[PDB]
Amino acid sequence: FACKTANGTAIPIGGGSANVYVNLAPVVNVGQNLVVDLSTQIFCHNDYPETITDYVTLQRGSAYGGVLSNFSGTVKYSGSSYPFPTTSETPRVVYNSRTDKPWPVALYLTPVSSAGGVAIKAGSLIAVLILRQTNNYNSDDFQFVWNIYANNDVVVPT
C-alpha cells in the first residue's frame, strides 16, 4: 500500500508525511460552502490485492489557520460526514486495486458570522489529515500524514 499526490509526491510503503497544495475557491459568500476536495489530490493503491485487503481510515483531521478560526464544518469520508476537527477515527474503507484510486476525503466548510474578510491566507497550512492503513494479512499499522496548504487567498465578502 502506498499513496501519491496529484503532482507526483509519494508516501511509500510503511507510511510517512507529505505536503499538499490545493487551489481554493477565491471567493466564498456567507451561506456558501468552501469545499476542499482531496479526492482529486490524494491517491492510493493496493500492492497485492489478490491476497491482501487493505483497510484505510481517516484516523484524525485537524484544522489550522483560517480554517480553524473562520469556518465551521465537517469532513465527508466515503459518503459519510463527521465533525471537523475530528473527534474519533472513522470506519475503514477497502482498497483492492493496483490502480491508484482517490482517497475520498472532502472538507465542507461554511463561514462563521464572525469570519474576517481575508478568511484564508495564500500559502497557509489549513489542515492535517492522517490516513491510517491496516490489512487482513499481518500487523501492519501505518499512518500517512497529509499536510494541506492553501494555494491562494480565500476572501469572504460582506
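In this text, the rigid core denotes the largest set of C-alpha atoms whose superposition between the two forms falls within 1.5 Å. Just count from 1 along the sequence shown to find any residue number.
Choosing between 104-112 and 26-34, the greater Cα displacement from the shown form in 8 other deposited structures of this protein, fitted by the core, goes with 26-34.
In summary, of the stretches 116-124 and 58-66, 116-124 shows the greater Cα distance from the shown form in 8 other deposited structures of this protein, with structures fitted on the rigid core. For the two regions 1-9 and 147-155, the entry's Cα B-factors average higher over 1-9. Between 28-36 and 56-64, it is 28-36 that carries the larger average Cα temperature factor according to the deposited entry. Residue-level inspection of the entry shows that, of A115, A122, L131, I126, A115 has the top Cα B-factor. The entry lists a Cα temperature factor for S80 that places it in the highest third of the chain's modelled residues. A106: CA B factor in the middle third of modelled residues in this chain (values from the PDB entry). Ranked by Cα temperature factor within the chain, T87 sits in the middle third according to the deposited record.
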